[PDB]
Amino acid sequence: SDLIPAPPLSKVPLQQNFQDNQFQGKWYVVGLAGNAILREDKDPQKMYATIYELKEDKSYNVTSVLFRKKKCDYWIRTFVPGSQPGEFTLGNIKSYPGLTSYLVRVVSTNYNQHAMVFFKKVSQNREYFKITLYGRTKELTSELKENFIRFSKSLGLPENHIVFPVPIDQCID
């Protein structure tokens, strides 16, 4: 298919003095945007959650749970600290078939309510990016939703590649 290009990393801020210990725990995905994300009127996008647990060596074990087809689907990732704090790369990338590049950058967070994280990957030689708006709860202020929209557009995404998943209780409590 056709894809809105990944922006240069220069357009993607890094959270200053990132605190990896304070970033741990459960985060709800309250907003989602990217070049392979489309707004779906039929079966709209359900909220999922992602738990960041800091390992002794300072990598994250990252677990996500989605409710799908009457069950909880879990997937696990290891994020390995990169060049500066708040940048990560994917651990054990050999084990993901098709996957050649995977980069995470924490754009901003106040640690105890919200965060914005940028993801870039190359899979079957196609370049995907997305941005999650994370909340420690399932709702955030309009102000932060609008800032997430402003930022997503600044990276070239139109309105219909920006989604706000509907809150649910299954799995993610």
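Residue indices: 1-based, along the sequence shown.
Stretches compared: 69-77, 99-107. Higher mean C-alpha B-factor in the entry: 69-77. Between the stretches 157-165 and 21-29, it is 157-165 that shows the larger average CA temperature factor. Residue-level inspection of the entry shows that, of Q113, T132, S123, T141, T141 has the top Cα B-factor. In the PDB entry, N61 places in the middle third of its chain by CA B-factor. When the CA B factors of the chain's modelled residues are split into thirds, the value for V117 lands in the lowest one. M47: CA B factor lies in the middle third for its chain, per the PDB record.
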